[PDB]
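See below for the structure under consideration.
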Amino acid sequence: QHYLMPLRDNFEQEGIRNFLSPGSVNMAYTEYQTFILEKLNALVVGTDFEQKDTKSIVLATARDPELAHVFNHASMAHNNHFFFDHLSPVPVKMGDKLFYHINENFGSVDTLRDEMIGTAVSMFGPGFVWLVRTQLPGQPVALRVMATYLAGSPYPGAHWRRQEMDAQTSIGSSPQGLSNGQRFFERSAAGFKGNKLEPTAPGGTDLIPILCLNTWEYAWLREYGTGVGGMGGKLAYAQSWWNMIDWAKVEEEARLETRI
Amino acid sequence: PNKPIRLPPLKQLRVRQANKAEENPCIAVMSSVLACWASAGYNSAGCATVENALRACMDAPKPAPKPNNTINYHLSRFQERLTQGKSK
Amino acid sequence: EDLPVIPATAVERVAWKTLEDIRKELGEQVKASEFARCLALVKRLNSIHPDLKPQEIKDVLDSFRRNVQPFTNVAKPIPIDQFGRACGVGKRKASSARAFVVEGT
Amino acid sequence: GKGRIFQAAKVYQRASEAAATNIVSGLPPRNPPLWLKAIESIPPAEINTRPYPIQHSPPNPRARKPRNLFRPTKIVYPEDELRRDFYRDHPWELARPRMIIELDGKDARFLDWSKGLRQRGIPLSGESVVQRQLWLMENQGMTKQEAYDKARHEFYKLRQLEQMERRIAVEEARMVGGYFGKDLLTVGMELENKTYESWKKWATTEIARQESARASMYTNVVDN
Amino acid sequence: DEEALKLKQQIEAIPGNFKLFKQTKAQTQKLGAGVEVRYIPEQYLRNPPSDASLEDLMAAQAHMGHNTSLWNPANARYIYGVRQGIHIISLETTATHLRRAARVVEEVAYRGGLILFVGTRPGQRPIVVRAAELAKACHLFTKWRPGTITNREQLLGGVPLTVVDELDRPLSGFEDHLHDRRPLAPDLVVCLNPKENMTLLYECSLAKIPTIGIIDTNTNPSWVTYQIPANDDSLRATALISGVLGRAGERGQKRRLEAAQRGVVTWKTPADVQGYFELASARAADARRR
Amino acid sequence: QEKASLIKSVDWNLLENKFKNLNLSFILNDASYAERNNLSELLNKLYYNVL
RNA sequence: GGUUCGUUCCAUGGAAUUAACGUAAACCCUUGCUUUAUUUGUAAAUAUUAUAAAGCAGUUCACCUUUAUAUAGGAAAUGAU
Ligand SMILES: [K+]
Ligand SMILES: [Mg+2]
Ligand SMILES: [Mg+2]
Ligand SMILES: [Mg+2]
């Protein structure tokens, strides 16, 4: 059975000093993750996924319309830990190679800072904000930001449940509504028929999630509260999160090609 | 009604003619020709269309032999298991 | 086994040794069925990508190559004399002819 | 006598005597086989001795001349009668696949049936209802029917939630831009088409074939 | 042109994608939660167990006997009962007999004995070969040629041999002995399917060779010396038994070689090689005198 | 091996296949290697010389 | 049990593993081709009949079909040769 694993640097017992109190990290990971695994175990209690990894379940149950509920828990248990793992105990200085490459794709570190933070609040819903590494067969290693909804997988193999745009406030009668609507139908029809919309290299090497940001309610609703009057809230949570990013690990997981 | 018995121990569980015996098709056309002569006549016109079919049959090339049936090989694998055993 | 493979149509044609060659070099009587499955491994290991293929498999695959060259016997073409007469030779059961064919009437 | 004299159990007794003395009288016996001393103190077990097998059920006491006294008996438990009652009331519960391939055999170590139907390691199936029923019927002193109702209703409330998740999980995914593949209903219909077409080819071929038999019955070779 | 040129790019991009895919597989493959992997199909080969418990034997289907109709009442001593129309072999009888054979395979290897693991079935080749590696024995995964023991002089005629000392390192000077010496015979055979090959087990009883076999409900238990009541038709129960017996031989060879380093040989020269020594001295005596 | 047959293959070591033009002019006229003109040098590379 | 001109070949058998002879292969004549030699044979000739030493060649390649996936077979003036 899938069991909980300790966090990176004892965040469960002590928790990050200036980001999340130990009581919050306790309810965020030790209690919630345990709840998800308890539900996940019961779903794969007697199936082939009884010994498979969360990521292996995410890719295997991505398109299956009958295993969508199993994908949520598997995709949620993965993204949740993917977020806490990248957090560092203390501030880390951004690497030269990483810092120099970010400026080529976003212009400056402050541009990417306000983009991910802004994208989180602009979503007005639970999900995850990712910093993806886009590398096509011939194109250079280009970075970009992707915002997933409740339980969305940024991996290319799980493109069936990316959940980027809400189909409630993005499909209407306006020019942008019609355009978004066609895409929503073009994907569903193609996906159902099996046709591939965008080519992807084998092995799912096109996109490699480097950094993540958990914007769910349970993560910050206790530490920073609702955020009435601008004091605290989801906005402050995202801002404070920018001070504990393990840029060292983020740089390693990027695996940028030597271009300096 | 009783069910099929368990065969006694045999020397070999096989079928004599595995692949069916093909019958010469032109022999059937000849029988039709001989039928016309019996009823219509020999130097008649009703057997014209039938006599022509008999000439076209013997002219056409005979078919090719079919691949042998592998029934007897599988019968030899399950003999001791299906029957009482092998005797010799 | 985890290394990638190459589609069959992109695998260079190789002349593998036959059942008789293995029997002779090994001095044994290897069953055709047991060798048929051993040859499949040779064809499978040959599908590995060249750049990724290791040096161990390369040497093991070089011992199964058949270096047999059939004898070449190319007939000589019939020349044409300066005057334009070609000499063809034909025989039938007792005799031998020599026809000198030229452009004419 | 189609059998052969197998002396595999006396390889030591035989080898021990052949190695005690030398064939060439007047010389010491050569060293024995390397295995003679290894199994010196490991004799074989007694084979071919029919004992009274374990009796898994009270044997018939009224029998005065009982037979089959050396026949292994059937293993029957109190659960066998409950499994038959449940699965007969829920025949389609057998369609739900169940794996009978054990991983390490240590599955009955985490099964505490005083908690509920949901246990660690095993899936929620007709067995969990049986094991839960047997517990209540024995520990709580409930009757077969009483325990059956209680354990049976807990099974439904858990299965209902399973079917509700599939529906909502899909509907919830499309509200945020989540598309899926071909459902089982569509795939099932496409397969029937490929099979129905093959049947159509077989029907038209045989139908035409029967026409020849109907025309061949009568004779019209004269061409009157 | 542009069609076949695509393959050139893909074929050339496999190395890069493979390396990148291998690196990425080490980053996010294990992040969600720890999986309690308690069974892998290829676990009895990569790391077989030293001793098999009742849970391991049961999980490996080592108790599934044949149909009640197809049974040998001789081996009614290892049957526990009847279920699903088959005979259920006692899990305790299978463990006690398996632990005994492990003690036999261990001592024979401790005395420098030649063991032979014989399993001749479609999928029993990797199991027997792995067991032999551990126990430093010989393997056999094809039809045993009748007469390889009783008629070994002919069958195993041209097969080469070698003479080794206490520490299994070859000795020089036995060139003339390896040409007149007759072929070897296994000091212990371990058959994984005695019901199939009875010609091998008969040559062992006819040549006074101990044997170990997996006796199924329909197998005659009088064909081997040490029976192992278990299911021989299961490919998962045979890999467990072979692993145990394989580890036994390994543990036996370790003691033998570890004792040789201390100048303690656990075996004496066989009779065959012993006779050659006496003849050597006789021929050497002539050189001394003459 | 005693009863095994032989596969018909060209033996390029034979003196007939090595030089398809047996004329010493072509063989020695710097066909492939240079300054092997001496007939003795050519023979030494084909026969085992005792001297 | 299949297959083969063939106890040929493959598979298999609770007994097989092998040796000799016949068989097969090879040999002589004959057939196409290459190189060699040109008299007493050849009109001429830049070599082509003949003479005769050696070497190569087949069911080989292509096409069609193919069992247990192990061993292959068919088509015969309108594929090559
Ligand atoms: K000539
Ligand atoms: Mg059996
Ligand atoms: Mg034979
Ligand atoms: Mg002959």
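Ordering of the structure tokens sets the chain letters (A, B, ...), residue numbers begin anew at 1 in every chain, and ligands are numbered from 1 in the order given.
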
With only C-alpha atoms (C1' of nucleotides) and all ligand atoms counted, collect every polymer residue having an atom within 12 Å of ligand 4; state the result as number ranges by chain. G: 22-27

Please produce a file of those selected residues containing C-alpha atoms (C1' of nucleotides), as a PDB file, in the first residue's frame.
```pdb
ATOM      1  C1'   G G  22      24.897 -50.003 -49.912  1.00  0.00           C
ATOM      2  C1'   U G  23      22.477 -45.062 -50.548  1.00  0.00           C
ATOM      3  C1'   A G  24      24.035 -39.995 -51.186  1.00  0.00           C
ATOM      4  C1'   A G  25      28.217 -37.231 -52.658  1.00  0.00           C
ATOM      5  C1'   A G  26      32.013 -37.540 -56.110  1.00  0.00           C
ATOM      6  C1'   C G  27      33.653 -39.599 -60.837  1.00  0.00           C
TER       7        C G  27
END
```

Can I get the residues close to ligand 2 as a PyMOL selection string, where close means within 12 Å and we count only C-alpha atoms (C1' of nucleotides) and all ligand atoms? chain E and resi 62-67+70-72+86-87+121+192-196+213-220+229-235+237-238

Mind listing the residues within 9 Å of ligand 3, only C-alpha atoms (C1' of nucleotides) and all ligand atoms counted, as an NGL selection string? :G and (12-13 or 16)

Could you state the separation of CA of residue 3 in chain B and CA of residue 83 in chain B in Å, given to one decimal place? 14.6 Å

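The residues sitting within 12 Å of ligand 1, with only C-alpha atoms (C1' of nucleotides) and all ligand atoms considered, come out as residues 89 and 96 of chain C; 32, 33, 34, 35, 36, 37, 38, 47, 48, 49, 50, 51, 52 and 53 of chain G.
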
For the contact check between chain E and chain G, emit one row per residue of chain E within 7 Å, containing the shortest atom pair and the distance in Å rounded to one decimal, counting only C-alpha atoms (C1' of nucleotides), chain then rising number order, as JSON lines.
```
{"residue": "E:145", "atom": "CA", "partner": "G:16", "partner_atom": "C1'", "distance": 7.0}
{"residue": "E:146", "atom": "CA", "partner": "G:15", "partner_atom": "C1'", "distance": 5.0}
{"residue": "E:147", "atom": "CA", "partner": "G:16", "partner_atom": "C1'", "distance": 6.5}
{"residue": "E:154", "atom": "CA", "partner": "G:17", "partner_atom": "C1'", "distance": 6.8}
{"residue": "E:155", "atom": "CA", "partner": "G:17", "partner_atom": "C1'", "distance": 5.9}
{"residue": "E:198", "atom": "CA", "partner": "G:14", "partner_atom": "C1'", "distance": 6.1}
{"residue": "E:199", "atom": "CA", "partner": "G:14", "partner_atom": "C1'", "distance": 6.6}
```

May I have the residues from that selection written out with N, CA, C and O atoms, as a short mmCIF file (atom, residue, chain, number, x, y, z; two decimals), in the first residue's frame?
```
data_model
loop_
_atom_site.label_atom_id
_atom_site.label_comp_id
_atom_site.auth_asym_id
_atom_site.auth_seq_id
_atom_site.Cartn_x
_atom_site.Cartn_y
_atom_site.Cartn_z
N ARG E 145 19.35 -37.02 -22.50
CA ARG E 145 19.66 -38.11 -23.42
C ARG E 145 19.78 -39.42 -22.65
O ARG E 145 20.67 -39.55 -21.81
N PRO E 146 18.92 -40.40 -22.91
CA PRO E 146 19.03 -41.67 -22.18
C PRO E 146 20.40 -42.29 -22.34
O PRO E 146 20.91 -42.45 -23.45
N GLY E 147 21.01 -42.64 -21.21
CA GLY E 147 22.30 -43.28 -21.20
C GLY E 147 23.47 -42.39 -20.85
O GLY E 147 24.62 -42.85 -20.93
N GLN E 154 30.39 -43.30 -23.87
CA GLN E 154 30.13 -42.95 -25.26
C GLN E 154 29.55 -41.54 -25.40
O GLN E 154 30.05 -40.75 -26.20
N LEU E 155 28.51 -41.23 -24.63
CA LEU E 155 27.83 -39.95 -24.78
C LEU E 155 28.75 -38.79 -24.45
O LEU E 155 28.97 -37.89 -25.27
N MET E 198 11.75 -39.74 -16.12
CA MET E 198 12.04 -40.87 -15.26
C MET E 198 13.24 -41.68 -15.72
O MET E 198 13.77 -42.48 -14.94
N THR E 199 13.68 -41.49 -16.96
CA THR E 199 14.90 -42.15 -17.42
C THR E 199 16.13 -41.63 -16.69
O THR E 199 17.07 -42.38 -16.45
#
```

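For residue 260 in chain A, the set of protein, DNA and RNA residues having any atom at most 12 Å away, when counting only C-alpha atoms (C1' of nucleotides) and skipping those fewer than 3 positions along the same chain, is residues 96, 97, 98, 100, 101, 256 and 257 of chain A.
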
Identify, on the basis of only C-alpha atoms (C1' of nucleotides), every residue whose closest approach to range 63-77 of chain C does not exceed 6 Å; exclude the query and any residue fewer than 2 positions from it along the same chain; express the result as an MDAnalysis selection string. (chainID C and resid 15:17 60:61) or (chainID F and resid 9:10) or (chainID G and resid 33)

Which of chain C DSSP labels strand (DSSP E or B), written as a PyMOL selection string: chain C and resi 5+16+48+65+86-92+95-101

Can you write out as a tab-separated table which residues of chain C fall within 12 Å of chain E, alongside each residue's closest atom pair and its distance in Å to one decimal, counting only C-alpha atoms and ordering rows by chain and ascending residue number?
```
residue	atom	partner	partner_atom	distance
C:2	CA	E:18	CA	10.0
C:3	CA	E:18	CA	8.2
C:4	CA	E:14	CA	7.5
C:5	CA	E:14	CA	9.1
C:6	CA	E:11	CA	7.4
C:7	CA	E:11	CA	9.2
C:9	CA	E:7	CA	10.5
C:10	CA	E:7	CA	8.5
C:11	CA	E:11	CA	10.9
C:27	CA	E:158	CA	10.4
C:28	CA	E:158	CA	10.7
C:31	CA	E:142	CA	11.1
C:34	CA	E:142	CA	10.0
C:47	CA	E:11	CA	11.7
C:48	CA	E:14	CA	10.6
C:49	CA	E:14	CA	8.0
C:50	CA	E:15	CA	9.6
C:51	CA	E:15	CA	7.3
C:52	CA	E:15	CA	6.7
C:53	CA	E:15	CA	10.3
```

Would you give me, as a ChimeraX atom specification, the residues of chain D that come within 12 Å of chain A, using only C-alpha atoms? /D:96-103,107,110,117-125,158-159,161-187

Those selected residues, please, written with N, CA and C atoms and delivered as a short mmCIF file (atom, residue, chain, number, x, y, z; two decimals), in the first residue's frame.
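Below is the file that was written, again12.cif:
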```cif
data_model
loop_
_atom_site.label_atom_id
_atom_site.label_comp_id
_atom_site.auth_asym_id
_atom_site.auth_seq_id
_atom_site.Cartn_x
_atom_site.Cartn_y
_atom_site.Cartn_z
N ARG D 96 -17.21 -8.31 -11.40
CA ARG D 96 -16.17 -7.45 -10.87
C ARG D 96 -14.90 -8.27 -10.71
N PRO D 97 -13.85 -8.02 -11.49
CA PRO D 97 -12.67 -8.88 -11.42
C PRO D 97 -12.05 -8.89 -10.03
N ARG D 98 -11.52 -10.05 -9.66
CA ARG D 98 -10.86 -10.24 -8.37
C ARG D 98 -9.60 -11.05 -8.59
N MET D 99 -8.49 -10.55 -8.06
CA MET D 99 -7.20 -11.21 -8.20
C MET D 99 -7.02 -12.24 -7.09
N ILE D 100 -6.71 -13.47 -7.47
CA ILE D 100 -6.44 -14.54 -6.52
C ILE D 100 -4.95 -14.86 -6.46
N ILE D 101 -4.11 -13.96 -6.97
CA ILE D 101 -2.67 -14.15 -6.98
C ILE D 101 -2.10 -13.43 -5.77
N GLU D 102 -1.59 -14.19 -4.81
CA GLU D 102 -1.06 -13.61 -3.59
C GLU D 102 0.31 -12.98 -3.85
N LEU D 103 0.62 -11.95 -3.07
CA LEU D 103 1.90 -11.26 -3.20
C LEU D 103 2.96 -11.89 -2.29
N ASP D 107 -1.40 -11.50 4.08
CA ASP D 107 -2.57 -10.65 3.91
C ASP D 107 -3.52 -10.71 5.09
N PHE D 110 -3.22 -8.05 8.70
CA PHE D 110 -3.76 -6.71 8.92
C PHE D 110 -5.28 -6.68 8.85
N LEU D 117 -16.00 -2.98 6.85
CA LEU D 117 -15.79 -3.73 5.61
C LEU D 117 -14.45 -3.38 4.97
N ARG D 118 -14.05 -2.12 5.02
CA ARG D 118 -12.81 -1.68 4.41
C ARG D 118 -11.63 -2.14 5.26
N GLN D 119 -10.78 -2.99 4.69
CA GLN D 119 -9.59 -3.51 5.35
C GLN D 119 -8.37 -3.21 4.49
N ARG D 120 -7.20 -3.44 5.08
CA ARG D 120 -5.94 -3.17 4.41
C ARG D 120 -5.50 -4.39 3.60
N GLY D 121 -5.20 -4.17 2.32
CA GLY D 121 -4.62 -5.18 1.46
C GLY D 121 -5.61 -5.88 0.55
N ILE D 122 -6.86 -6.02 0.98
CA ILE D 122 -7.85 -6.77 0.20
C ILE D 122 -8.90 -5.81 -0.35
N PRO D 123 -9.48 -6.10 -1.51
CA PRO D 123 -10.50 -5.21 -2.07
C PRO D 123 -11.87 -5.46 -1.48
N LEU D 124 -12.72 -4.44 -1.58
CA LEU D 124 -14.10 -4.53 -1.12
C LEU D 124 -14.88 -5.40 -2.09
N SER D 125 -15.16 -6.63 -1.68
CA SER D 125 -15.87 -7.59 -2.52
C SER D 125 -16.79 -8.41 -1.63
N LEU D 158 -20.93 1.78 0.33
CA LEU D 158 -19.58 1.96 -0.18
C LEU D 158 -19.51 1.81 -1.70
N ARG D 159 -20.36 0.95 -2.27
CA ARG D 159 -20.36 0.77 -3.72
C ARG D 159 -21.03 1.94 -4.43
N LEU D 161 -20.94 5.11 -3.61
CA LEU D 161 -19.98 6.20 -3.74
C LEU D 161 -18.99 5.94 -4.87
N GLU D 162 -18.65 4.68 -5.11
CA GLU D 162 -17.72 4.35 -6.18
C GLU D 162 -18.29 4.74 -7.54
N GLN D 163 -19.57 4.45 -7.77
CA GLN D 163 -20.18 4.78 -9.05
C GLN D 163 -20.40 6.27 -9.20
N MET D 164 -20.64 6.97 -8.09
CA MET D 164 -20.84 8.42 -8.16
C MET D 164 -19.55 9.15 -8.48
N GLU D 165 -18.40 8.59 -8.07
CA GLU D 165 -17.13 9.23 -8.35
C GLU D 165 -16.82 9.22 -9.84
N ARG D 166 -17.06 8.09 -10.51
CA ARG D 166 -16.78 8.01 -11.94
C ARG D 166 -17.54 9.07 -12.71
N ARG D 167 -18.82 9.27 -12.38
CA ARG D 167 -19.63 10.25 -13.09
C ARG D 167 -19.16 11.67 -12.81
N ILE D 168 -18.97 12.01 -11.54
CA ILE D 168 -18.61 13.37 -11.18
C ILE D 168 -17.17 13.66 -11.58
N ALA D 169 -16.27 12.69 -11.41
CA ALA D 169 -14.87 12.91 -11.74
C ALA D 169 -14.69 13.29 -13.20
N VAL D 170 -15.48 12.68 -14.09
CA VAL D 170 -15.40 13.01 -15.51
C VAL D 170 -16.03 14.37 -15.76
N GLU D 171 -17.25 14.58 -15.25
CA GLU D 171 -17.92 15.86 -15.43
C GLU D 171 -17.10 17.00 -14.84
N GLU D 172 -16.40 16.74 -13.74
CA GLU D 172 -15.58 17.78 -13.12
C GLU D 172 -14.36 18.10 -13.97
N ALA D 173 -13.80 17.11 -14.66
CA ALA D 173 -12.60 17.33 -15.45
C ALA D 173 -12.89 18.17 -16.69
N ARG D 174 -14.07 18.01 -17.29
CA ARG D 174 -14.40 18.77 -18.48
C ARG D 174 -14.71 20.23 -18.17
N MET D 175 -15.08 20.54 -16.93
CA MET D 175 -15.37 21.91 -16.55
C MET D 175 -14.11 22.77 -16.47
N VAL D 176 -12.93 22.16 -16.56
CA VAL D 176 -11.66 22.88 -16.50
C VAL D 176 -10.79 22.58 -17.71
N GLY D 177 -11.36 21.98 -18.76
CA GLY D 177 -10.61 21.68 -19.96
C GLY D 177 -9.94 20.32 -19.92
N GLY D 178 -10.69 19.30 -19.51
CA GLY D 178 -10.18 17.95 -19.46
C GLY D 178 -10.93 17.00 -20.37
N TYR D 179 -10.25 16.47 -21.38
CA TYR D 179 -10.84 15.56 -22.34
C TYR D 179 -10.31 14.15 -22.12
N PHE D 180 -11.12 13.17 -22.50
CA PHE D 180 -10.81 11.76 -22.30
C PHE D 180 -10.85 11.02 -23.64
N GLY D 181 -10.54 9.73 -23.59
CA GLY D 181 -10.55 8.88 -24.77
C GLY D 181 -11.90 8.25 -25.02
N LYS D 182 -11.89 7.21 -25.84
CA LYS D 182 -13.12 6.51 -26.20
C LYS D 182 -13.64 5.71 -25.02
N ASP D 183 -14.86 6.02 -24.59
CA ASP D 183 -15.47 5.27 -23.50
C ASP D 183 -15.70 3.82 -23.93
N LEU D 184 -16.00 2.98 -22.95
CA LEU D 184 -16.20 1.56 -23.22
C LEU D 184 -17.45 1.31 -24.06
N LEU D 185 -18.46 2.17 -23.94
CA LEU D 185 -19.68 2.00 -24.72
C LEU D 185 -19.41 2.16 -26.21
N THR D 186 -18.59 3.14 -26.58
CA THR D 186 -18.30 3.36 -27.99
C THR D 186 -17.40 2.27 -28.55
N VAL D 187 -16.34 1.93 -27.83
CA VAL D 187 -15.43 0.88 -28.29
C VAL D 187 -16.18 -0.43 -28.49
#
```

With a distance cut-off of 9 Å and only C-alpha atoms (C1' of nucleotides), select the neighbouring residues of residue 73 in chain B, excluding the residue or stretch itself and same-chain residues fewer than 6 positions from it, and output the selection as a PyMOL selection string. (chain B and resi 14) or (chain G and resi 1-2+68)

Export, as a PDB file, in the first residue's frame, the selected residues with N, CA and C atoms (P, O5', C5', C4', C3', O3' and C1' of nucleotides).
```
ATOM      1  N   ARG B  14      -5.686 -41.196 -34.352  1.00  0.00           N
ATOM      2  CA  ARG B  14      -5.548 -40.472 -35.605  1.00  0.00           C
ATOM      3  C   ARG B  14      -6.779 -40.709 -36.465  1.00  0.00           C
TER       4      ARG B  14
ATOM      5  P     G G   1       1.668 -42.104 -37.397  1.00  0.00           P
ATOM      6  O5'   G G   1       1.796 -40.522 -37.306  1.00  0.00           O
ATOM      7  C5'   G G   1       0.918 -39.764 -36.490  1.00  0.00           C
ATOM      8  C4'   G G   1       1.185 -38.289 -36.630  1.00  0.00           C
ATOM      9  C3'   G G   1       1.400 -37.792 -38.049  1.00  0.00           C
ATOM     10  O3'   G G   1       0.187 -37.578 -38.748  1.00  0.00           O
ATOM     11  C1'   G G   1       3.104 -36.941 -36.657  1.00  0.00           C
ATOM     12  P     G G   2       0.205 -37.351 -40.336  1.00  0.00           P
ATOM     13  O5'   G G   2       1.013 -35.992 -40.508  1.00  0.00           O
ATOM     14  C5'   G G   2       1.647 -35.673 -41.734  1.00  0.00           C
ATOM     15  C4'   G G   2       2.571 -34.495 -41.582  1.00  0.00           C
ATOM     16  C3'   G G   2       3.416 -34.157 -42.798  1.00  0.00           C
ATOM     17  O3'   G G   2       2.715 -33.406 -43.772  1.00  0.00           O
ATOM     18  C1'   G G   2       4.789 -34.198 -40.884  1.00  0.00           C
ATOM     19  P     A G  68      -0.487 -25.666 -37.032  1.00  0.00           P
ATOM     20  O5'   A G  68       0.674 -25.959 -35.985  1.00  0.00           O
ATOM     21  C5'   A G  68       0.534 -25.596 -34.616  1.00  0.00           C
ATOM     22  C4'   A G  68       1.786 -25.900 -33.836  1.00  0.00           C
ATOM     23  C3'   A G  68       3.027 -25.152 -34.310  1.00  0.00           C
ATOM     24  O3'   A G  68       3.890 -24.906 -33.201  1.00  0.00           O
ATOM     25  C1'   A G  68       3.369 -27.472 -34.566  1.00  0.00           C
TER      26        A G  68
END
```

Excluding same-chain residues fewer than 5 positions from residue 75 in chain D, what lies within 9 Å of it counting only C-alpha atoms (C1' of nucleotides), as a compact mmCIF listing (two decimals) with C-alpha atoms, in the first residue's frame?
```txt
# COMPACT_ATOMS: atom_id res chain seq x y z
CA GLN D 55 -10.81 -35.58 9.10
CA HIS D 56 -12.15 -32.14 8.19
CA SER D 57 -15.71 -33.23 9.03
CA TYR E 80 -3.98 -32.00 3.53
CA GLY E 81 -7.45 -32.31 2.00
CA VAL E 82 -9.57 -31.62 -1.09
CA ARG E 83 -10.74 -28.26 -2.44
```

In terms of only C-alpha atoms, the residue from A:202, A:138, A:156, A:209 at minimal distance from chain C is A:202

Which value, in Å to one decimal, gives the distance between CA of residue 207 in chain A and CA of residue 153 in chain A? 10.9 Å
